[PDB]
């Protein structure tokens, strides 16, 4: 059981959300005074009447970028990479002149100059990727415009693990998932766990995310509400993490590297100063803003992680919609996982209503 104030605000907020958005299945975790409280609704598989449980796996979509950012932070802390390193240090075959000056920082923070939102579906092998990046022409100089992009942070993640000699998946398992005891968090769902993998629903049809280049880095993690609550706990309170470079990596992913308007770009995470204007976060989450190019101001050196922040990330796939938000100063956070991609502003409005009530 949760304290009644949590049960009350969750029931009053999530029930109309599910009805308004026709969400088939949903799981919510509230982290309150550092402890998790879980809630589930509806079905992971409608036709087969499988309820959502605390072991249901949801596609995180772009919430996966938070894991990629932390894994990159850990590689920085290990001394394996620097954000100022040129992309070409890790991929010297990227000889085209437009890559001169594009650093790992730019890739990690969507500031390379207009790398596109998606890797094209036609681009599948490393050779296809090389052609893609060699032929890409920037719209802007590096470090001037943020354009949210799977092709940008996806490449960051692929390159950041090269010194380790591990694949991206193996690095993520060994360096992030295992130390944090995320035992039900997967880039590739094992056969024995397929029974727990919810279907996503798009226009009423059951769907799962399709393979794509750099999927693991940009949008490919699947996880349970329990593991996601532990992920929030770890990012709320990194000083409890025993593995020093992972603790440091978590901290570095909440450093502020760029500002645009009132939002700050971390590694995967995005941040605003708390208290927030809820309209700014709600309206800023709409893709009309969130996917637009926005001019950035550099923060030199990056601001070390600010405890009084709203730290958050939206994520989607064709069939799923996820959101995570937390406030380190308040020891408070929320995870919302659903098997329908419903509008971002409705996610953020509900999260803020719940966390604002519990602050």
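Positions refer to the first chain, counted from 1.
In this entry, 32 to 40 shows the higher mean Cα temperature factor of the pair 304 to 312 and 32 to 40.
Stretches 70 to 78 and 84 to 92 differ in mean CA B factor, with 84 to 92 having the higher one. In the PDB entry, the Cα temperature factor peaks, among 286, 215, 273, 193, at 193. The entry assigns its greatest Cα B factor, within the set 137, 223, 254, 109, to 137. Among the modelled residues of its chain, residue 49 has a C-alpha B-factor that falls in the highest third according to the deposited record. Compared with the other modelled residues of the chain, the Cα B-factor recorded for residue 25 ranks in the middle third. Ranked by Cα temperature factor within the chain, residue 132 sits in the middle third according to the deposited record.
Looking at the C-alpha B-factors along this chain, the one for residue 330 belongs to the highest third. Looking at the C-alpha B-factors along this chain, the one for residue 116 belongs to the middle third.
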